[PDB]
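Worksheet: one structure, shown below.
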2 protein chains.
Amino acid sequence: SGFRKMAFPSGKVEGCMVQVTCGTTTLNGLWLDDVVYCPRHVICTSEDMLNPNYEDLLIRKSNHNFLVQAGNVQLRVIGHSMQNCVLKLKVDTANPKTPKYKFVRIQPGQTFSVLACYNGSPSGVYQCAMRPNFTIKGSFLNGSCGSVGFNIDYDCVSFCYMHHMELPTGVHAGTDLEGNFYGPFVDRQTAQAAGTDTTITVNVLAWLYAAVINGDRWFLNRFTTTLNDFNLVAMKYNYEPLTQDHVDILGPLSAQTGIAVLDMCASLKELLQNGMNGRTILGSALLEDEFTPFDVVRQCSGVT
Amino acid sequence: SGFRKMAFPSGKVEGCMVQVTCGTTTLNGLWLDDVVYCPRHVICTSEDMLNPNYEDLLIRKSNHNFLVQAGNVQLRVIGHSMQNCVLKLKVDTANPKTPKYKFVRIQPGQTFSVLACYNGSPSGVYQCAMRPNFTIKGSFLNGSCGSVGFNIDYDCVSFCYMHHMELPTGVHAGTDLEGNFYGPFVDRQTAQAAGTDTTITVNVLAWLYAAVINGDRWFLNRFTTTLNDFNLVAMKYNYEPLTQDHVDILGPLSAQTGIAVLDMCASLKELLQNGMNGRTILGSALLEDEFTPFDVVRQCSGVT
Ligand SMILES: Cc1ccncc1NC(=O)[C@H](C)c1cccc(C#N)c1
Ligand SMILES: Cc1ccncc1NC(=O)[C@H](C)c1cccc(C#N)c1
């Protein structure tokens, strides 16, 4: 009973967080095996950020200029390399708390947990979605760079995001763990446009199924629709076009509730055209898009 | 930038979770030092739950009937005792992962993180508030009993809640770590009424300050009010009466934004009387009451 914006248990990721300092800039690093990963802008001063030449800036640095502190003890840096927008610092000690892990690049519309950190220490954990425009609406202040996003499948942590930047609009941008930015962003202090965002249609449908499972059914109507008709409405309301791939992953929820996907699309169509009329669904007065079909299945079945 | 429903990092609590089995009933236990804490209904069959006599039921049990498994290894039970609605199982081994901890009883309207667990394994973490009627609107399925709520102050985990029961309305009830229920509930399979709930006024005000800090200011108006006038409105909308104690803890937010508490009460008054008019505040179309003034200060300053 009940449905919450649940994050993964952050324990496995907490054991990997370290503080990385280079010059007078300090941020967070991810220590997996004998490598510490962090945003390459750790080597920049505030003035360098205006128009950095990272290759030239990194050439002035040596292994002894990167200070890595894991909790209370100091790690010895025996190598350094830049991969895209991340720095990889080779250390002489493998992290004894390294969980089973993978580096994955998530698709827009997928969700993940963020462990927000400052000075190598965790402050909080929250669940969010990668927006269709490749930004994340996080909660990050200065010093939070190097904080990571992840998913967990039983004992394996799949790291998908590393925080790098706050756009002038207050939304956030970052990279995968190979240092490739999500979206069109660059690690530079320059105004950068994030694309037009849209609502993650499949996620709203998954969340409407979670509402039915937990007893919120007032929005169910006597109508149905077609993919074409629904997509005409989705376009008018800046929702992502629904595809047969989206219908396929909603199948387990359709099977559990007996509500055909296209019948749920007709309920979504009426909510888009009429609004909530002062009512709520799962404690929300808007259509929630940060739960994927997989998240709803996992939460509603109790997967640990 | 940004404001999220952030939970505490759950690492310290994950290291304490164990599985407790007695007969054919399995639930979660909390292993701190050489004691495992769990709901006393672990000793009941489904039929016993109709009208349990816990003293008589516990008399038929011996130390060897309580199976405690911490991850993969079995703990040896050398003592058992019932304290209110919790069972305390003395084990021959102190948990090597015991964090610095306290047992605290929280007041209604306070917030905390829940680490939802099944069979001793963590599935997710979420932040919630203790409702003024002493229920929590969690996300719990069968097997989640023994999952705990907590807060963390630097290195100290203050355990405040242990999950015990799902009411017929789908809301949740539980105890402090001394086994005293929050609210008028009893650990019995009988329909039980939770009081009339109200909105946590001080929390909504704290969240309106968080919105101002992050740029959502459309709801600020040219008006002010008095505690008496505001409380007339709060009563009409089933909001908790605001006291000078509530005003006192909102002071740091009033100081940061320069918006007097009573001026913020006047904005809240207009939002209660007029609604949001199809607009949102911090990504919400309703007035959010699950962030205390302390949570907003902590999140907006980056406390780790
Ligand atoms: C201030 C702040 C708040 C939240 N998240 C990140 C930040 N910090 C930043 O955005 C830093 C100053 C920055 C500036 C320009 C480019 C990059 C990159 N990549 C990083
Ligand atoms: C089914 C379920 C879902 C979520 N949370 C708890 C539960 N489990 C329960 O509420 C169990 C069956 C129960 C029955 C009656 C009294 C107590 C107590 N104390 C416990």
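All values below were derived from every heavy atom in this structure, side-chain atoms included, with hydrogens, water molecules and symmetry-related copies excluded. Throughout, protein chains are lettered first and strands after them, A, B, ... in sequence-line order, and every chain is numbered starting at 1. One-based numbering, in listed order, for ligands and for the atoms of each.
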(message) According to side chain to side chain donor-acceptor pair (under 3.5 Å), who are the partners of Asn151(B), at least two apart in sequence or on a separate chain?
(response) none
(message) If I compare all heavy atoms of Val125(A) with all of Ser10(A), which pair ends up nearest, and what's the gap?
(response) CG2-CB, 4.1 Å
(request) Establish, yes or no, whether a centroid distance under 6.0 Å links the rings of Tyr37(A) and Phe103(A). (result) yes
(request) With the side chain counted from C-beta on, respond yes when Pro9(A) and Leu115(B) share a heavy-atom pair under 4.5 Å apart, and no when they do not. (result) yes
(request) Please examine the side chains of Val148(B) and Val114(B), heavy atoms only from C-beta on, and report whether any two atoms are closer than 4.5 Å. (result) no
(request) Determine whether the side chains of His163(B) and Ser147(B) contain a donor N or O and an acceptor N or O closer than 3.5 Å. (result) no
Distance dump, ligand 1 polar atoms to protein, N/O, under 3.5 Å:
residue: ligand 1; atom: 5 (N); partner: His163(A); partner atom: NE2; Å: 2.7
residue: ligand 1; atom: 10 (O); partner: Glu166(A); partner atom: N; Å: 3.1
residue: ligand 1; atom: 19 (N); partner: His164(A); partner atom: O; Å: 3.4

